[PDB]
Amino acid sequence: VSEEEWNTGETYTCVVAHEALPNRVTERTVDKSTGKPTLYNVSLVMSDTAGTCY
Amino acid sequence: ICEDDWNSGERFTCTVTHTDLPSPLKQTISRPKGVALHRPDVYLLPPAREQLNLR
Ligand SMILES: *[C@@H]1O[C@H](CO)[C@@H](O)[C@H](O)[C@H]1NC(C)=O
Ligand SMILES: *[C@@H]1O[C@H](CO)[C@@H](O)[C@H](O)[C@H]1NC(C)=O
């Protein structure tokens with residue numbers, strides 16, 4: 001595939017076909033979002049507001 | 001009148017003489033000494049954090 005095409009967020013799936021499968025076909029996909037991440041700014045907020053999520 | 005003098009139980013009565021009822025009527029006002037004196041233990045509980053969270 002082209003270098004700049006992968007640079008943008010276009011996902012691909014390499015659908016394979018094998019006999020020993022439940023649905024007889026396996027689909028697995030990737031993209032730049034699925035690649036190696038660099039930064040992780042986990043906020044990990046700690047609040048006394050407990051019951052409600054967010 | 002002083003607070004302490006009344007606390008001593010002076011038993012003030014406003015004497016009233018009326019034509020229909022010749023006998024004067026007495027109405028005592030005083031502090032019964034039988035009642036004890038226990039100091040209040042006043043406690044101030046701040047608002048529940050469940051109130052502040054709701055905001
Ligand atoms: C993550 O780093 C960036 C700078 O690259 C910064 O602007 C951001 O505030 C950081 N995230 C935090 C502190 O959660
Ligand atoms: C994490 O970093 C990005 C910078 O790319 C920033 O836009 C985002 O707000 C940060 N996360 C939080 C929770 O602020």
# chains A, B, ... in the order shown; residues from 1 in each chain; ligands from 1

call {"tool": "residues_near_ligand", "arguments": {"ligand": "ligand 2", "cutoff": "9 Å", "atoms": "only C-alpha atoms and all ligand atoms", "output": "PDB file with N, CA, C and O atoms, in the first residue's frame"}}
result
ATOM      1  N   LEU A  39       1.835   8.569  23.393  1.00  0.00           N
ATOM      2  CA  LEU A  39       1.414   9.358  24.539  1.00  0.00           C
ATOM      3  C   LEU A  39       0.217   8.712  25.224  1.00  0.00           C
ATOM      4  O   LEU A  39      -0.652   8.125  24.577  1.00  0.00           O
ATOM      5  N   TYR A  40       0.189   8.806  26.554  1.00  0.00           N
ATOM      6  CA  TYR A  40      -0.917   8.281  27.363  1.00  0.00           C
ATOM      7  C   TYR A  40      -1.198   9.302  28.462  1.00  0.00           C
ATOM      8  O   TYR A  40      -0.599   9.230  29.538  1.00  0.00           O
ATOM      9  N   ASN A  41      -2.109  10.244  28.206  1.00  0.00           N
ATOM     10  CA  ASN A  41      -2.508  11.189  29.251  1.00  0.00           C
ATOM     11  C   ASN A  41      -3.784  10.676  29.908  1.00  0.00           C
ATOM     12  O   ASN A  41      -4.873  11.233  29.769  1.00  0.00           O
ATOM     13  N   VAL A  42      -3.618   9.590  30.664  1.00  0.00           N
ATOM     14  CA  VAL A  42      -4.711   9.064  31.465  1.00  0.00           C
ATOM     15  C   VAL A  42      -5.027  10.063  32.567  1.00  0.00           C
ATOM     16  O   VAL A  42      -4.171  10.391  33.397  1.00  0.00           O
ATOM     17  N   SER A  43      -6.252  10.583  32.564  1.00  0.00           N
ATOM     18  CA  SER A  43      -6.611  11.567  33.576  1.00  0.00           C
ATOM     19  C   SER A  43      -6.833  10.919  34.934  1.00  0.00           C
ATOM     20  O   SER A  43      -6.407  11.466  35.956  1.00  0.00           O
ATOM     21  N   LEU A  44      -7.492   9.765  34.962  1.00  0.00           N
ATOM     22  CA  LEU A  44      -7.645   8.973  36.177  1.00  0.00           C
ATOM     23  C   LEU A  44      -8.230   9.812  37.312  1.00  0.00           C
ATOM     24  O   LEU A  44      -7.721   9.833  38.434  1.00  0.00           O
TER      25      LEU A  44
END

call {"tool": "residues_around", "arguments": {"residues": "region 11-23 of chain A", "least_positions_apart": "4", "cutoff": "12 Å", "atoms": "only C-alpha atoms", "output": "list in words"}}
result
residues 1, 5, 6, 7, 27, 28, 29, 30, 31, 32, 33, 34 and 35 of chain A

call {"tool": "write_last_selection", "arguments": {"atoms": "N, CA and C atoms", "output": "PDB file, in the first residue's frame"}}
result
ATOM      1  N   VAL A   1       0.843  -1.181   0.000  1.00  0.00           N
ATOM      2  CA  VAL A   1       0.000   0.000   0.000  1.00  0.00           C
ATOM      3  C   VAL A   1       0.885   1.239   0.000  1.00  0.00           C
ATOM      4  N   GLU A   5      -1.117   6.931   1.950  1.00  0.00           N
ATOM      5  CA  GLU A   5      -2.429   6.357   2.218  1.00  0.00           C
ATOM      6  C   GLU A   5      -2.493   5.764   3.620  1.00  0.00           C
ATOM      7  N   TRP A   6      -1.440   5.059   4.041  1.00  0.00           N
ATOM      8  CA  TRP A   6      -1.393   4.553   5.407  1.00  0.00           C
ATOM      9  C   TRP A   6      -1.241   5.680   6.419  1.00  0.00           C
ATOM     10  N   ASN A   7      -0.644   6.802   6.015  1.00  0.00           N
ATOM     11  CA  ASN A   7      -0.467   7.914   6.943  1.00  0.00           C
ATOM     12  C   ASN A   7      -1.810   8.428   7.440  1.00  0.00           C
ATOM     13  N   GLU A  27     -12.195 -12.239   9.898  1.00  0.00           N
ATOM     14  CA  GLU A  27     -11.903 -10.866   9.511  1.00  0.00           C
ATOM     15  C   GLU A  27     -11.170 -10.171  10.648  1.00  0.00           C
ATOM     16  N   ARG A  28     -10.007  -9.599  10.342  1.00  0.00           N
ATOM     17  CA  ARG A  28      -9.220  -8.847  11.310  1.00  0.00           C
ATOM     18  C   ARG A  28      -8.702  -7.588  10.633  1.00  0.00           C
ATOM     19  N   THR A  29      -8.795  -6.460  11.331  1.00  0.00           N
ATOM     20  CA  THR A  29      -8.525  -5.156  10.747  1.00  0.00           C
ATOM     21  C   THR A  29      -7.512  -4.387  11.582  1.00  0.00           C
ATOM     22  N   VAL A  30      -6.880  -3.398  10.948  1.00  0.00           N
ATOM     23  CA  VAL A  30      -5.911  -2.525  11.599  1.00  0.00           C
ATOM     24  C   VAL A  30      -5.985  -1.141  10.965  1.00  0.00           C
ATOM     25  N   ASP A  31      -5.283  -0.201  11.587  1.00  0.00           N
ATOM     26  CA  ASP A  31      -5.139   1.155  11.075  1.00  0.00           C
ATOM     27  C   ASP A  31      -4.100   1.860  11.937  1.00  0.00           C
ATOM     28  N   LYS A  32      -3.811   3.117  11.594  1.00  0.00           N
ATOM     29  CA  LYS A  32      -2.873   3.889  12.402  1.00  0.00           C
ATOM     30  C   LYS A  32      -3.352   4.010  13.841  1.00  0.00           C
ATOM     31  N   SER A  33      -4.670   4.063  14.053  1.00  0.00           N
ATOM     32  CA  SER A  33      -5.195   4.102  15.413  1.00  0.00           C
ATOM     33  C   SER A  33      -4.878   2.820  16.172  1.00  0.00           C
ATOM     34  N   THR A  34      -4.723   1.705  15.462  1.00  0.00           N
ATOM     35  CA  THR A  34      -4.387   0.426  16.072  1.00  0.00           C
ATOM     36  C   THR A  34      -2.885   0.238  16.250  1.00  0.00           C
ATOM     37  N   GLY A  35      -2.072   1.160  15.745  1.00  0.00           N
ATOM     38  CA  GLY A  35      -0.632   1.019  15.787  1.00  0.00           C
ATOM     39  C   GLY A  35      -0.056   1.340  17.151  1.00  0.00           C
TER      40      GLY A  35
END

call {"tool": "closest_residue", "arguments": {"among": "A:48, A:4, A:9, A:54", "to": "chain B", "atoms": "only C-alpha atoms"}}
result
A:48

call {"tool": "closest_residue", "arguments": {"among": "A:50, A:45, A:36, A:26", "to": "chain B", "atoms": "only C-alpha atoms"}}
result
A:50

call {"tool": "closest_atom_pairs", "arguments": {"of": "chain B", "to": "chain A", "cutoff": "9 Å", "atoms": "only C-alpha atoms", "output": "tab-separated table"}}
result
residue	atom	partner	partner_atom	distance
B:49	CA	A:48	CA	7.9
B:50	CA	A:49	CA	7.9
B:53	CA	A:49	CA	6.1
B:54	CA	A:49	CA	8.7

call {"tool": "select_by_dssp", "arguments": {"residues": "chain B", "states": "strand (DSSP E or B)", "output": "PyMOL selection string"}}
result
chain B and resi 12+16+25+29

call {"tool": "select_by_dssp", "arguments": {"residues": "chain B", "states": "alpha helix (DSSP H)", "output": "compact mmCIF listing (two decimals) with N, CA and C atoms, in the first residue's frame"}}
result
# COMPACT_ATOMS: atom_id res chain seq x y z
N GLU B 3 -32.99 38.70 85.86
CA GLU B 3 -33.15 37.30 85.51
C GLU B 3 -32.97 36.41 86.74
N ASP B 4 -31.92 36.67 87.52
CA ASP B 4 -31.61 35.80 88.66
C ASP B 4 -32.69 35.88 89.73
N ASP B 5 -33.24 37.07 89.97
CA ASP B 5 -34.31 37.19 90.96
C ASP B 5 -35.51 36.34 90.56
N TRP B 6 -35.87 36.36 89.28
CA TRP B 6 -36.95 35.49 88.82
C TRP B 6 -36.56 34.02 88.91
N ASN B 7 -35.30 33.70 88.59
CA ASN B 7 -34.84 32.32 88.74
C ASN B 7 -34.95 31.84 90.17
N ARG B 49 -22.02 15.31 51.94
CA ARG B 49 -21.34 15.45 50.66
C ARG B 49 -22.24 15.06 49.49
N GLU B 50 -23.31 14.31 49.75
CA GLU B 50 -24.28 14.00 48.71
C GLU B 50 -25.09 15.22 48.30
N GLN B 51 -25.22 16.22 49.17
CA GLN B 51 -25.85 17.47 48.77
C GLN B 51 -24.91 18.31 47.91
N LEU B 52 -23.65 18.44 48.33
CA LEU B 52 -22.71 19.27 47.58
C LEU B 52 -22.46 18.69 46.19
N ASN B 53 -22.38 17.37 46.08
CA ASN B 53 -22.15 16.75 44.78
C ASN B 53 -23.27 17.08 43.81
N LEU B 54 -24.52 17.00 44.26
CA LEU B 54 -25.63 17.38 43.40
C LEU B 54 -25.56 18.85 43.00

call {"tool": "atom_distance", "arguments": {"atom1": "CA of residue 32 (chain B)", "atom2": "CA of residue 16 (chain B)"}}
result
23.6 Å

call {"tool": "atom_distance", "arguments": {"atom1": "CA of residue 9 (chain B)", "atom2": "CA of residue 29 (chain B)"}}
result
7.9 Å

call {"tool": "atom_distance", "arguments": {"atom1": "atom 11 (N, counted along the ligand's line) of ligand 1", "atom2": "CA of residue 3 (chain A)"}}
result
29.2 Å

call {"tool": "residues_around", "arguments": {"residues": "residue 26 (chain B)", "least_positions_apart": "4", "cutoff": "7 Å", "atoms": "only C-alpha atoms", "output": "mmCIF file with N, CA, C and O atoms, in the first residue's frame"}}
result
data_model
loop_
_atom_site.group_PDB
_atom_site.id
_atom_site.type_symbol
_atom_site.label_atom_id
_atom_site.label_comp_id
_atom_site.auth_asym_id
_atom_site.auth_seq_id
_atom_site.Cartn_x
_atom_site.Cartn_y
_atom_site.Cartn_z
ATOM 1 N N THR B 13 -47.581 37.530 90.999
ATOM 2 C CA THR B 13 -49.002 37.377 90.717
ATOM 3 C C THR B 13 -49.600 38.749 90.454
ATOM 4 O O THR B 13 -49.429 39.667 91.263
ATOM 5 N N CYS B 14 -50.297 38.890 89.329
ATOM 6 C CA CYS B 14 -51.008 40.123 89.009
ATOM 7 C C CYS B 14 -52.385 40.057 89.658
ATOM 8 O O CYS B 14 -53.287 39.380 89.155
ATOM 9 N N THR B 15 -52.544 40.758 90.778
ATOM 10 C CA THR B 15 -53.798 40.743 91.519
ATOM 11 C C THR B 15 -54.852 41.523 90.745
ATOM 12 O O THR B 15 -54.631 42.685 90.385
#

call {"tool": "decode", "arguments": {"residues": "region 11-55 of chain B", "atoms": "N, CA and C atoms", "output": "PDB file, in the first residue's frame"}}
result
ATOM      1  N   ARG B  11     -42.412  34.179  92.201  1.00  0.00           N
ATOM      2  CA  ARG B  11     -43.832  33.860  92.073  1.00  0.00           C
ATOM      3  C   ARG B  11     -44.676  35.135  92.013  1.00  0.00           C
ATOM      4  N   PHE B  12     -44.425  35.928  90.974  1.00  0.00           N
ATOM      5  CA  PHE B  12     -45.199  37.142  90.752  1.00  0.00           C
ATOM      6  C   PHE B  12     -46.642  36.789  90.414  1.00  0.00           C
ATOM      7  N   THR B  13     -47.581  37.530  90.999  1.00  0.00           N
ATOM      8  CA  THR B  13     -49.002  37.377  90.717  1.00  0.00           C
ATOM      9  C   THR B  13     -49.600  38.749  90.454  1.00  0.00           C
ATOM     10  N   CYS B  14     -50.297  38.890  89.329  1.00  0.00           N
ATOM     11  CA  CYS B  14     -51.008  40.123  89.009  1.00  0.00           C
ATOM     12  C   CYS B  14     -52.385  40.057  89.658  1.00  0.00           C
ATOM     13  N   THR B  15     -52.544  40.758  90.778  1.00  0.00           N
ATOM     14  CA  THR B  15     -53.798  40.743  91.519  1.00  0.00           C
ATOM     15  C   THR B  15     -54.852  41.523  90.745  1.00  0.00           C
ATOM     16  N   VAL B  16     -55.992  40.887  90.490  1.00  0.00           N
ATOM     17  CA  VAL B  16     -57.093  41.491  89.749  1.00  0.00           C
ATOM     18  C   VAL B  16     -58.337  41.467  90.626  1.00  0.00           C
ATOM     19  N   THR B  17     -58.941  42.636  90.818  1.00  0.00           N
ATOM     20  CA  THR B  17     -60.194  42.777  91.550  1.00  0.00           C
ATOM     21  C   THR B  17     -61.269  43.218  90.566  1.00  0.00           C
ATOM     22  N   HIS B  18     -62.308  42.400  90.417  1.00  0.00           N
ATOM     23  CA  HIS B  18     -63.361  42.644  89.443  1.00  0.00           C
ATOM     24  C   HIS B  18     -64.715  42.609  90.134  1.00  0.00           C
ATOM     25  N   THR B  19     -65.660  43.373  89.583  1.00  0.00           N
ATOM     26  CA  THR B  19     -66.974  43.492  90.206  1.00  0.00           C
ATOM     27  C   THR B  19     -67.710  42.158  90.216  1.00  0.00           C
ATOM     28  N   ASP B  20     -67.694  41.436  89.094  1.00  0.00           N
ATOM     29  CA  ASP B  20     -68.431  40.178  89.020  1.00  0.00           C
ATOM     30  C   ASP B  20     -67.854  39.140  89.973  1.00  0.00           C
ATOM     31  N   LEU B  21     -66.529  39.090  90.098  1.00  0.00           N
ATOM     32  CA  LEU B  21     -65.853  38.145  90.987  1.00  0.00           C
ATOM     33  C   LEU B  21     -65.173  38.922  92.106  1.00  0.00           C
ATOM     34  N   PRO B  22     -65.798  39.055  93.280  1.00  0.00           N
ATOM     35  CA  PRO B  22     -65.159  39.839  94.352  1.00  0.00           C
ATOM     36  C   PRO B  22     -63.825  39.274  94.803  1.00  0.00           C
ATOM     37  N   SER B  23     -63.658  37.960  94.778  1.00  0.00           N
ATOM     38  CA  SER B  23     -62.421  37.350  95.250  1.00  0.00           C
ATOM     39  C   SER B  23     -61.289  37.643  94.273  1.00  0.00           C
ATOM     40  N   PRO B  24     -60.189  38.267  94.701  1.00  0.00           N
ATOM     41  CA  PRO B  24     -59.068  38.476  93.777  1.00  0.00           C
ATOM     42  C   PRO B  24     -58.481  37.154  93.301  1.00  0.00           C
ATOM     43  N   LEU B  25     -58.007  37.156  92.058  1.00  0.00           N
ATOM     44  CA  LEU B  25     -57.416  35.980  91.437  1.00  0.00           C
ATOM     45  C   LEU B  25     -55.899  36.115  91.405  1.00  0.00           C
ATOM     46  N   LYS B  26     -55.209  35.003  91.645  1.00  0.00           N
ATOM     47  CA  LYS B  26     -53.753  34.959  91.676  1.00  0.00           C
ATOM     48  C   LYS B  26     -53.251  34.056  90.557  1.00  0.00           C
ATOM     49  N   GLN B  27     -52.209  34.505  89.859  1.00  0.00           N
ATOM     50  CA  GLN B  27     -51.603  33.749  88.763  1.00  0.00           C
ATOM     51  C   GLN B  27     -50.089  33.813  88.941  1.00  0.00           C
ATOM     52  N   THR B  28     -49.525  32.800  89.591  1.00  0.00           N
ATOM     53  CA  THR B  28     -48.096  32.774  89.867  1.00  0.00           C
ATOM     54  C   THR B  28     -47.302  32.470  88.603  1.00  0.00           C
ATOM     55  N   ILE B  29     -46.166  33.149  88.459  1.00  0.00           N
ATOM     56  CA  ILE B  29     -45.194  32.861  87.411  1.00  0.00           C
ATOM     57  C   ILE B  29     -43.844  32.662  88.086  1.00  0.00           C
ATOM     58  N   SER B  30     -43.251  31.486  87.899  1.00  0.00           N
ATOM     59  CA  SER B  30     -42.002  31.164  88.575  1.00  0.00           C
ATOM     60  C   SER B  30     -41.359  29.965  87.898  1.00  0.00           C
ATOM     61  N   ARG B  31     -40.096  29.732  88.246  1.00  0.00           N
ATOM     62  CA  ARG B  31     -39.346  28.603  87.717  1.00  0.00           C
ATOM     63  C   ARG B  31     -39.419  27.440  88.699  1.00  0.00           C
ATOM     64  N   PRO B  32     -40.017  26.303  88.335  1.00  0.00           N
ATOM     65  CA  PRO B  32     -40.014  25.151  89.253  1.00  0.00           C
ATOM     66  C   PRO B  32     -38.595  24.653  89.486  1.00  0.00           C
ATOM     67  N   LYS B  33     -38.189  24.615  90.756  1.00  0.00           N
ATOM     68  CA  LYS B  33     -36.848  24.159  91.101  1.00  0.00           C
ATOM     69  C   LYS B  33     -36.646  22.675  90.831  1.00  0.00           C
ATOM     70  N   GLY B  34     -37.725  21.899  90.714  1.00  0.00           N
ATOM     71  CA  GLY B  34     -37.582  20.471  90.495  1.00  0.00           C
ATOM     72  C   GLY B  34     -36.884  20.129  89.196  1.00  0.00           C
ATOM     73  N   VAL B  35     -37.114  20.923  88.148  1.00  0.00           N
ATOM     74  CA  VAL B  35     -36.497  20.649  86.858  1.00  0.00           C
ATOM     75  C   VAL B  35     -34.984  20.767  86.982  1.00  0.00           C
ATOM     76  N   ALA B  36     -34.274  19.782  86.442  1.00  0.00           N
ATOM     77  CA  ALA B  36     -32.824  19.770  86.510  1.00  0.00           C
ATOM     78  C   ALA B  36     -32.239  20.817  85.566  1.00  0.00           C
ATOM     79  N   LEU B  37     -30.909  20.871  85.525  1.00  0.00           N
ATOM     80  CA  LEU B  37     -30.170  21.774  84.642  1.00  0.00           C
ATOM     81  C   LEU B  37     -29.008  20.988  84.046  1.00  0.00           C
ATOM     82  N   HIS B  38     -29.210  20.464  82.843  1.00  0.00           N
ATOM     83  CA  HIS B  38     -28.168  19.787  82.086  1.00  0.00           C
ATOM     84  C   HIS B  38     -27.797  20.652  80.891  1.00  0.00           C
ATOM     85  N   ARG B  39     -26.511  20.939  80.746  1.00  0.00           N
ATOM     86  CA  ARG B  39     -26.084  21.820  79.674  1.00  0.00           C
ATOM     87  C   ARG B  39     -26.300  21.138  78.323  1.00  0.00           C
ATOM     88  N   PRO B  40     -26.796  21.857  77.314  1.00  0.00           N
ATOM     89  CA  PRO B  40     -26.874  21.264  75.979  1.00  0.00           C
ATOM     90  C   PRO B  40     -25.489  20.902  75.475  1.00  0.00           C
ATOM     91  N   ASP B  41     -25.427  19.833  74.691  1.00  0.00           N
ATOM     92  CA  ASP B  41     -24.218  19.455  73.972  1.00  0.00           C
ATOM     93  C   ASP B  41     -24.512  19.710  72.498  1.00  0.00           C
ATOM     94  N   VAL B  42     -24.320  20.956  72.085  1.00  0.00           N
ATOM     95  CA  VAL B  42     -24.683  21.380  70.740  1.00  0.00           C
ATOM     96  C   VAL B  42     -23.622  20.906  69.759  1.00  0.00           C
ATOM     97  N   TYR B  43     -24.060  20.208  68.715  1.00  0.00           N
ATOM     98  CA  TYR B  43     -23.178  19.692  67.683  1.00  0.00           C
ATOM     99  C   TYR B  43     -23.633  20.241  66.341  1.00  0.00           C
ATOM    100  N   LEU B  44     -22.676  20.637  65.510  1.00  0.00           N
ATOM    101  CA  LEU B  44     -22.954  21.250  64.215  1.00  0.00           C
ATOM    102  C   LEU B  44     -22.464  20.312  63.120  1.00  0.00           C
ATOM    103  N   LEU B  45     -23.400  19.644  62.453  1.00  0.00           N
ATOM    104  CA  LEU B  45     -23.056  18.674  61.424  1.00  0.00           C
ATOM    105  C   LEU B  45     -23.062  19.354  60.061  1.00  0.00           C
ATOM    106  N   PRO B  46     -21.946  19.393  59.337  1.00  0.00           N
ATOM    107  CA  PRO B  46     -21.932  20.084  58.046  1.00  0.00           C
ATOM    108  C   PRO B  46     -22.838  19.391  57.046  1.00  0.00           C
ATOM    109  N   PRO B  47     -23.041  19.982  55.870  1.00  0.00           N
ATOM    110  CA  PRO B  47     -23.911  19.354  54.872  1.00  0.00           C
ATOM    111  C   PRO B  47     -23.322  18.050  54.362  1.00  0.00           C
ATOM    112  N   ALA B  48     -24.202  17.087  54.106  1.00  0.00           N
ATOM    113  CA  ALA B  48     -23.760  15.813  53.558  1.00  0.00           C
ATOM    114  C   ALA B  48     -23.115  16.032  52.198  1.00  0.00           C
ATOM    115  N   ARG B  49     -22.021  15.311  51.942  1.00  0.00           N
ATOM    116  CA  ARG B  49     -21.345  15.451  50.658  1.00  0.00           C
ATOM    117  C   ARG B  49     -22.244  15.064  49.495  1.00  0.00           C
ATOM    118  N   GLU B  50     -23.312  14.313  49.754  1.00  0.00           N
ATOM    119  CA  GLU B  50     -24.277  14.001  48.712  1.00  0.00           C
ATOM    120  C   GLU B  50     -25.088  15.219  48.296  1.00  0.00           C
ATOM    121  N   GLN B  51     -25.218  16.221  49.168  1.00  0.00           N
ATOM    122  CA  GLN B  51     -25.848  17.474  48.767  1.00  0.00           C
ATOM    123  C   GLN B  51     -24.912  18.308  47.905  1.00  0.00           C
ATOM    124  N   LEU B  52     -23.655  18.440  48.327  1.00  0.00           N
ATOM    125  CA  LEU B  52     -22.715  19.268  47.582  1.00  0.00           C
ATOM    126  C   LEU B  52     -22.461  18.695  46.193  1.00  0.00           C
ATOM    127  N   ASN B  53     -22.377  17.366  46.081  1.00  0.00           N
ATOM    128  CA  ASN B  53     -22.146  16.752  44.778  1.00  0.00           C
ATOM    129  C   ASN B  53     -23.270  17.083  43.806  1.00  0.00           C
ATOM    130  N   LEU B  54     -24.522  17.003  44.261  1.00  0.00           N
ATOM    131  CA  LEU B  54     -25.633  17.380  43.396  1.00  0.00           C
ATOM    132  C   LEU B  54     -25.563  18.847  43.002  1.00  0.00           C
ATOM    133  N   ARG B  55     -25.011  19.702  43.865  1.00  0.00           N
ATOM    134  CA  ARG B  55     -24.652  21.071  43.504  1.00  0.00           C
ATOM    135  C   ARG B  55     -25.895  21.924  43.225  1.00  0.00           C
TER     136      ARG B  55
END
